[PDB]
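As a convention, Cβ positions derive from the backbone with ideal geometry for all residues, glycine included, and neighbour counts pool all protein chains shown. What follows draws every value from the coordinates through simple rules; no lab data is involved.
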Amino acid sequence: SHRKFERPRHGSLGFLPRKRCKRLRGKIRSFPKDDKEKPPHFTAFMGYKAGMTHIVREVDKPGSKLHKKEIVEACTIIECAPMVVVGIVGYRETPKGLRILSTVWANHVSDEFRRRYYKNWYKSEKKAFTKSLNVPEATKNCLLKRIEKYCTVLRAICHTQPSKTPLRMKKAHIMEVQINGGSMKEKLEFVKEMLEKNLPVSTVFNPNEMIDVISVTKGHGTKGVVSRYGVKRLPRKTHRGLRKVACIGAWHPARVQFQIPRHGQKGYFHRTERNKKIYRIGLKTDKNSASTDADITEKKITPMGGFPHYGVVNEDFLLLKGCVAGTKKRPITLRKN
Amino acid sequence: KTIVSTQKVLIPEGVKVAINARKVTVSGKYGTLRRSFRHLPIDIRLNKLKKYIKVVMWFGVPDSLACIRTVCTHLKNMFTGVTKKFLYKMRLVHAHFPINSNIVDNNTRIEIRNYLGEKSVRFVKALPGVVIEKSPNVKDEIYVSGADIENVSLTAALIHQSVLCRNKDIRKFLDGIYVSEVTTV
Amino acid sequence: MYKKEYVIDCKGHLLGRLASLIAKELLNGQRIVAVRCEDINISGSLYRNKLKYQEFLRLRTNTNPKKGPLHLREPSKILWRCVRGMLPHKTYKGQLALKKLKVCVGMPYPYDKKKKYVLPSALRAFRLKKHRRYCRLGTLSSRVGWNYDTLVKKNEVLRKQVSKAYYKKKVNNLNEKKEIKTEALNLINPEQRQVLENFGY
Amino acid sequence: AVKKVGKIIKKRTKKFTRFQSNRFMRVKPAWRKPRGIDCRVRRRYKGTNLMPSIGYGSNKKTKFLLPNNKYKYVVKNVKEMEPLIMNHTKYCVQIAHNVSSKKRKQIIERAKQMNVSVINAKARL
RNA sequence: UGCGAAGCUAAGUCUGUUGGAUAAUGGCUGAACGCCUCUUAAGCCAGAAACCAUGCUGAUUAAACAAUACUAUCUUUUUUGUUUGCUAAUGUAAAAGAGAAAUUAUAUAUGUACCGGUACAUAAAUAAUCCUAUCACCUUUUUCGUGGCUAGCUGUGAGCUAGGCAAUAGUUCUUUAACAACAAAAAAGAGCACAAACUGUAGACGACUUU
RNA sequence: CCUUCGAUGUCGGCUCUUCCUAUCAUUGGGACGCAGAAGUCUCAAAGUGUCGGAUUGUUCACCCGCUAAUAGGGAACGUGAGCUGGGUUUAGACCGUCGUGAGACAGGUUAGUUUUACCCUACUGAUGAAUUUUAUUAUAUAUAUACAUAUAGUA
RNA sequence: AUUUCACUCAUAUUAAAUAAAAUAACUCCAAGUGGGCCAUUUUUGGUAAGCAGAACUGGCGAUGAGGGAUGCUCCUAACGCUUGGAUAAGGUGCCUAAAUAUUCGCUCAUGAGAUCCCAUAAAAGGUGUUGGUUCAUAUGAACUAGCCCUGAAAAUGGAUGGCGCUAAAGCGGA
RNA sequence: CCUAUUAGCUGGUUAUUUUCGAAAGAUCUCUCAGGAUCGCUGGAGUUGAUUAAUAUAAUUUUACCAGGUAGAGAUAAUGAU
RNA sequence: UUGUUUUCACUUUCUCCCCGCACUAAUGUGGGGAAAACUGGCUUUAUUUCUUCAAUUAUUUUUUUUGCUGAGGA
Ligand SMILES: [Mg+2]
Ligand SMILES: [Mg+2]
Ligand SMILES: [Mg+2]
Ligand SMILES: [Mg+2]
Ligand SMILES: [Mg+2]
Ligand SMILES: [Mg+2]
Ligand SMILES: [Mg+2]
Ligand SMILES: [Mg+2]
Ligand SMILES: [Mg+2]
Ligand SMILES: [Mg+2]
Ligand SMILES: [Mg+2]
Ligand SMILES: [Mg+2]
Ligand SMILES: [Mg+2]
Ligand SMILES: [Mg+2]
Ligand SMILES: [Mg+2]
Ligand SMILES: [Mg+2]
Ligand SMILES: [Mg+2]
Ligand SMILES: [Mg+2]
Ligand SMILES: [Mg+2]
Ligand SMILES: [Mg+2]
Ligand SMILES: [Mg+2]
Ligand SMILES: [Mg+2]
Ligand SMILES: [Mg+2]
Ligand SMILES: [Mg+2]
Ligand SMILES: [Mg+2]
Ligand SMILES: [Mg+2]
């Protein structure tokens, strides 16, 4: 028989396998479409979530009951130590998807970066990259030429400098960052200009830019159906237990269906939140970083006693409107829309 | 199955025709029109010394004959276009609110504004190669014109669609922009 | 089907018939590289074909769709599926036969330079009356979410130039050979020459 | 299949195993004819065990002949050997399983004297 | 009882797209049916909270794969072999010439030369074809190409010229002839991970994160 | 009256999913006894939604009210090793009628044990080896090459 | 009417055919069975039913084999074990052994059709196309029956058996 | 303990091959889940036949009857109309 | 009702003429009209390996390759 009273299903089937993400470093599933009219620019940036503060903002919305008035808004802070570019990777489009031609590396690769290629640095003789670093420039040039000729998409291998943050981990976070711009040649030139040097966020984002924030959610382990899906508690009277789903399914498809909410992992899921506004881009070389026209008092962004469970932001940072997935200390990838 | 069935299309005077494998291409004063017929079986053959082109179909039911006739008609239309542009004279009629018919982008794209007074713009881009002029003579009308009978007509239709009012009694509200006269120049 | 590996240029072929032809060969024991599967044709109208494919797509497994009918929608993959349909693929022999089939979209790294055969029993030119609606498989696939169509086309175009270049050279070589033959028919013996002439060469 | 060797035609080298003897240990392979409604073997469905039948029988002329072409005769004692002095080509001795080594030897010796074949001369050798 | 950080948390705060191709439908050109006709022919157009992409989650769902980084031996050639649980070691769903790269239309194509168009060739039972096989070693003449070294020499491939040089196994019983792998024999070249302690961005336990 | 009487747990609610369309609303249309508004008929549509209560064990029903709308259905009349146990369908008891009576009632009323998952699968998450008759959309200095590449281990 | 004598009735084609007709009769002893069910055709009750009840015959039961994808009963055909042949029903694009056979039509379907039982479709329509027939002045009518279309809506996803097929691998023939 | 009470009901009922091979109608039955008795089956046996015969036949011819279902009729009868 | 009599209808063309004057799918053509007997048909006389002597049945005879089988022991 039909269900007596109709209601919308509880979870979103759009976020299934509610399983743990493979890695702390949220992967960018897709990068902006290429608009070959605009100059070459990076599309993404890794930063660490430091905490939230609140902000006071005067509003502009003509017509709102909140028009001329000052408003208070929550904002995340994402510490954004300059990412360092280390490689260029060249993709070519095939009927089987993107395939890499090559990767070209900088001449000098940081110890931090190298640490990513080992799970026991302390023991190792740290031989990673020690022969590649050597290689002659001619080969590199040839590779670049090849890329120019054939590859349709360029990505830069960037890595974070977690040493310049309160985080425990000396290992870098390495990430491919698509470059979007006019001619492949132009892009190549841009990457060459960049290569061994540092990207700060101002080179990637601007004030008031709308950004997508891609991060692994806070973990809760194995969670009940009630918490995980917002399923209704059964009544007190229930014998075997209240916090479950009364009927998994009908008799006849004689098989529990993938659409039925069940106990299991909650959190540590990969998630792209969209349309998060940058309210401010902080600078390391600014003692009046958390200061404002209306404030006019020397304030660094770090709260008194420091960002709880994080530490002290001593470097350029993003003030994003609202909330971001994951915990204090989590890598976050900010992406252009 | 009629063994042979034919049709004769007389090419006009100042027309450079050139069919090959049913890919007919006609040039003249106004425009160069190309329009393939390689979906029906037909040995359209050209006579360049004399005028005329013969469309001929071997076997085939009445369907085939019909197709042949259609082809011939199309050819004729093309010829006409190249000699003399087709001129679809579209009069706009309004009850209360006069329609603002602003042509832009080298006489393509006609922005229609204030249709039944809604303060919102209706864009209607013309097809490849079809000028949209407004009246010299009368006040209201709009000439749509340019060689390919198909394309101008299509453009006109599009324009009409862009206007036509939605949920009301359409017998009462006669407002819109309609094809008055199909003509040549 | 006594060759090592037949490359089949799938352009201009009628899906089902072509598949049928392939399947028997595979069973017999014969690697077959179906190449250029974007251009296979289906005998319905495009819309009709789309509808059929839509219907097919709709039949997933209610319970858990990770299992259940996989709606492979690259044209090559469609072709492969069709081929499988006509094989006893739940046996060992059938499985082997299936494995023997390779399918490609466009033409890649050996199959540019292999000879490409054609199954004339399954050619659209010979099998549909010209007043009938047909449909290019690639277009159909695109309509049902394949995406890599334009790219494939571009690749094909690129390849064609290369092929043309190669062909010119080949033609030149042939001409040279002919010239040599003409020259060197006079230099043999008489009787032998006469004999040669008698049997065509 | 059929197993020709010379004039000996055997129609069925395979033994007829009891139905389902393969499935349950408790059911021994010794042929037992399935009574019982719905048996499938009884009903002779394609793909099941065959039923032994008199059609399978060996030609009356070659029946109990071994690959030797000789009827087997089991022998316990020298006296018994004597019946086959006049039949030393048609019959071949087998020495009974329970005969002692010395006695076996004696029997073998006798057989050699008679020119009669012994099919198990090698017992206790 | 009171307050109660931190951590969890909602009743608290933030965020939640735009293309393609269509349906209904309205139209366009336009026959059948000298007119008319949205097509109830061919050919087109606009068009939906639908569809398919885009975006988003997974992707031991693909036993998938790519690149990069580092490493333990690797590559080539020759010979004989694969006729205490082991310590020498074999398998082919297919070798017998497994020969063959335009492209394209199917009521037409392709080249070539000019400016998709024109002119001229070319194919039209197109694998019913073309290519490629057998001239063994030899001595004797030389001719011509290709790969190495500092015009010559060596090696390989093809030819002309001279000289007869062999093969015989008793009538066939796979034509032991392929490809790949390995083993020994000589001959020639050249560090990671887990654990442990720490961690807590994680967590039933693994796993994940770290040091 | 085919199946099930060496038992398929026999109503309803609660929960939870999915499907159908014979569309109530929402999207796009067509018609009108369409002036506007409202509505009626109807086509593509099942993408999104379809509620809070009062009485009843109820299904059904009937009102109150919100609502864009409060459409209809199925899935062993979905769903009892999920619950609940109000009802029906044990034993106690009461009334009414019937029966001489024991008792009956498809009449009414009350009190009345709801067992087991540790198995296989399914589903949810969680590790995880193995994968050469296997693979490949190319590699290599304009030519070549599938008579070819591909060791493996960590990341 | 019975009886006994006479005389005389076809006969090897045998008082018409045909007959693996005496494998017959008869007696005895006993077994099991006495729930049946299905198909054509006839048929009763019932709106009908894979319903209840009968008749004739054949099946199933008790029975496999080949076909009908699949199936107690439909078709072929009934079974000792083999070799070879040649068929049956049915098929012959692939699954699948055999036709991408030949030959003439018809049919395009924006939910085609596809083979007894059989796994559904109707009334009513169609200026869809294909033939006709009857009428009138190369058009206008009316009909007519082929295929096709509408009519044609149900719940897990989905079934000419599947793939697919449209110069059929569809429908009707040869 | 009488008692291994009784059961028209349920379950089970042990080697092989060969040969033949049913019935689920009928009558009576406090009978309708059973029985008896016919039928159908097997075995035993005898008389026969073994003479291409005569007996005999789910057959047909040739004669010869019997019929009142399909059909047909309603200006033939009955009953409709 | 059959046989029979007569009536005019029917064949070719790369022939010719006239109109339409390249009008055709056509290296031709629509219409109208002639011409003739190459074409076709008939009548003959001979001829059959220049080519034919079919097909179907009836009655006969043989052949090209060939697959399986070899029971028995008079
Ligand atoms: Mg209104
Ligand atoms: Mg039975
Ligand atoms: Mg408190
Ligand atoms: Mg029509
Ligand atoms: Mg149950
Ligand atoms: Mg509907
Ligand atoms: Mg409505
Ligand atoms: Mg029901
Ligand atoms: Mg249950
Ligand atoms: Mg229970
Ligand atoms: Mg219940
Ligand atoms: Mg109760
Ligand atoms: Mg009680
Ligand atoms: Mg029985
Ligand atoms: Mg039978
Ligand atoms: Mg069937
Ligand atoms: Mg046989
Ligand atoms: Mg045969
Ligand atoms: Mg076959
Ligand atoms: Mg078939
Ligand atoms: Mg007892
Ligand atoms: Mg019983
Ligand atoms: Mg009677
Ligand atoms: Mg009657
Ligand atoms: Mg003559
Ligand atoms: Mg013999």
If the reach is capped at under 16 angstrom between alpha carbons, list the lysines near C:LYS169, excluding any in the same chain fewer than eight residues apart. C:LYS113, C:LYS160, C:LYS177, C:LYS178
Rounded to the nearest 0.05, what FRET efficiency is calculated for B:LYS125 and C:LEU196 with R0 set to 56 Å and r the Cβ-Cβ distance? 0.20
Give the total of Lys-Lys pairs in the stretch D:66-125 with Cα-Cα distances below 20 Å; include a pair only if its members are 8 or more places apart or on different chains. 26
Any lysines with Cα under 16 Å of the C:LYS153 Cα? List them, leaving off those in the same chain fewer than 8 positions away. A:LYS96, C:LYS11
With Cα springs under 10 Å, the Gaussian network model of chain A assigns the largest mean-square fluctuation among A:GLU196, A:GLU176, A:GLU137 to A:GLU137
Cut-off 10 angstrom, C-alpha nodes, Gaussian network model of chain C. Which of C:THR61, C:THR182, C:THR91 fluctuates the most? C:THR182
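Can you put D:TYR71, B:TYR115, D:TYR45 in order, fewest other beta carbons within 10 Å first? Each step should come with its number before you reach the end.
Details: D:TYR71 14, B:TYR115 23, D:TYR45 10.
Listing D:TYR71, B:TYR115, D:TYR45 from fewest to most nearby Cβ atoms yields D:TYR45, D:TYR71, B:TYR115.
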Trypsin sites (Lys or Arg not before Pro) in the stretch A:247-316 lying in a DSSP loop, each with at most 10 other Cβ atoms within 10 Å of its Cβ, come to A:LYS287
Relative to the longest principal Cα axis of chain A, at what angle does helix A:184-194 sit, 0 to 90 degrees, rounded to 10? 80
Top positive-direction residue, dipole computed over the protein assembly as shown with Cβ charges, set A:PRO303, C:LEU98, B:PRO128: C:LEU98
Estimated vicinal HN-Hα couplings, Hz - the stretch B:163-169 in sequence order (Karplus 6.51, -1.76, 1.60; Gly, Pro = x): 5, 3, 6, 8, 6, 8, 7
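What's the FRET efficiency of D:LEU125 with D:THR48 using the Cβ-Cβ distance as r and R₀ = 45 Å, to the nearest 0.05? Kindly include the intermediate steps, with their values, before the conclusion.
Values: r = 45 Å, r/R0 = 0.99.
The computed FRET efficiency comes out at 0.50.
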In Å, what is the Rg of the alpha-carbon atoms in chain C, and how long is Dmax? 22.1, 83
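What average number of partner chain Cβ atoms lie no more than 10 Å from the Cβ of the residues making up B:39-46?
Across the residues of B:39-46, the mean count of other-chain Cβ atoms within 10 Å is 1.
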Sort B:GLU150, A:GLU79 so the one with the fewest other Cβ atoms within 10 Å of its own Cβ comes first. B:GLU150, A:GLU79
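Which shape class, rounded, prolate or oblate, goes with the protein assembly as shown when its Cα gyration tensor gives a ≥ b ≥ c as root eigenvalues, a/c under 1.5 marks rounded, and past that a/b bigger than b/c marks prolate?
Details: a/c = 2.06, a/b = 1.37, b/c = 1.51.
Oblate, because a/c is 1.5 or more while a/b does not exceed b/c.
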Mind jotting down the three principal axis lengths of the stretch A:106-250 based on Cα atoms? Whole angstrom, largest first. 78, 45, 36
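Using only atoms on other chains, find how many Cβ atoms lie within 10 Å of each Cβ of peptide A:87-97 and report the average. Spell out each step's value before the answer.
Details: counts 0, 0, 0, 0, 0, 0, 6, 7, 16, 4, 1.
Whole-number average of other-chain Cβ neighbours for A:87-97 is 3.
Please average, across the residues of B:113-125, the number of beta carbons from any other chain that are within 10 Å of each residue's own beta carbon, and give a whole number.
On the way: counts 0, 0, 0, 0, 0, 0, 0, 0, 0, 0, 0, 0, 0.
Counting Cβ atoms of other protein chains within 10 Å of each residue's Cβ and averaging gives 0.
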Between rounded, prolate and oblate, where does the stretch A:45-176 land on the alpha carbon gyration tensor, with a ≥ b ≥ c its root eigenvalues, rounded for a/c under 1.5, else prolate if a/b exceeds b/c? oblate
Beta carbons within 10 angstrom, averaged per residue: use that to sort the peptides A:188-195, A:325-332, highest first. A:325-332, A:188-195
Give me the one-decimal nm value for the distance between modelled label points at A:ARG274 and B:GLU181, 7 Å along each residue's Cα-to-Cβ direction. 5.3
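In percent, how large is the relative contact order of the stretch A:234-337, given Cα pairs closer than 8 Å and 6 or more residues apart?
On the way: 88 pairs, mean separation 24.2, N = 104.
The normalised contact order for the stretch A:234-337 reaches 23 percent.
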Can you pull out the chymotrypsin sites (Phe, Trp or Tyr not before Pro) in the stretch C:46-126 that DSSP calls coil and that have at most 10 other Cβ atoms within 10 Å? C:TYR92
Among A:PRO136, B:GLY176, B:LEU65 - extreme Cα towards positive end, dipole of the protein assembly as shown, charges at beta-carbon: B:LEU65
Relative to the longest principal axis of the C-alpha atoms of chain D, give the angle of the C-alpha long axis of helix D:101-114, reported between 0 and 90° and rounded to the nearest 10°. 80
Of the residues A:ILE55, A:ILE278, A:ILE211, which exhibits the maximal mean-square fluctuation in a Gaussian network model of chain A defined by a 10 Å Cα contact cut-off? A:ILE55
